[PDB]
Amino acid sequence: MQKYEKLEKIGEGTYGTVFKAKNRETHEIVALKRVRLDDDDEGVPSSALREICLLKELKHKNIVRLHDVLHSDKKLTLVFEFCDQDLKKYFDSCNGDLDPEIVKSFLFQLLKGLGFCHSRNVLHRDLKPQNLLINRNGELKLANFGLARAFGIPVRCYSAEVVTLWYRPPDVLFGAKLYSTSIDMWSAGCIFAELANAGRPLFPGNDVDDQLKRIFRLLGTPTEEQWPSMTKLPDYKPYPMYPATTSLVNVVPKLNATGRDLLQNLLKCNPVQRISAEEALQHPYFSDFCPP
């Protein structure tokens, strides 16, 4: 813009370029998301307008804060708070070795931000480390709402082509057209496991089939009794029955019994069985903690 001095390029987002900038009047450091409006990449403004609409209504310390939107030229500039790094880069800086208390802090803050979105009827649908911003304060912020949507209005279906593959729940992998807040709860469980280990994705599948196998191989294959509507989903196919007796101990070594119990509650295959963000924050894993 003309109110802002560009200091450097942070990277590319889902629909624009991200810069670190300084407000020439208040001297505050901000982040700018710039979006070209004279496209040859035709649909990009659409996701930006959606992000603006949602973030205007999502004001919470653990959700990245949109301050302003400027329209100045052939571009839309969104002005956000600046954050120092994303969780993916943070994993590289600390050799994927988080202290257990930072593991707890990051999950807690993620669940607070996600709880706030869910209670305001918004699904994020792109929960992954790169969409989590970290401050030197140690504050964590949910960012990048370009794939997010409001929910509640009667709808035929939602898109099943949501969430990066590694973070997508089994029901959506089986092609579920209707999902709730549960979709983001699975992804948060996936992140929890990265935090509580060595910062590598728990389920790095190469495609939908591989992804489902990875999940079932660790967690066990759900039975009809645990998940009666599983066989009725649009892209259901029979999987092998892997036992539910596989230990999580070595998969998340930073976690105690209480931590492993919360993880298993997030990583339920049946979305109806998945713990809500509100209930996860009441979990004994967070009972002796800092903020409240």
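Sequential numbering from 1, following the sequence displayed.
- Modelled in this chain, residue 279 is likewise built in all the other compared entries whose models extend past it on both sides, so a third of them omitting it does not occur.
- Annotation: residue 26 belongs to the positions left without coordinates in at least a third of the other compared entries, with flanking residues modelled.
- 36-44 and 23-31 differ in mean CA B-factor, and the higher of the two is recorded for 36-44.
- Higher mean CA B-factor, judged across 154-162 and 195-203 from the recorded values: 154-162.
- Residue 18 sits in the highest third of its chain by CA B factor, as recorded in the PDB entry.
- Residue 128 sits in the highest third of its chain by CA B factor, as recorded in the PDB entry.
- Per the deposited record, the Cα B-factor of residue 88 falls in the middle third when ranked against the other modelled residues of its chain.
- Annotation for residue 109: C-alpha temperature factor in the lowest third relative to the rest of the modelled chain, per the entry.
- In the PDB entry, a CA B factor belonging to the highest third of its chain's modelled residues is recorded for residue 180.
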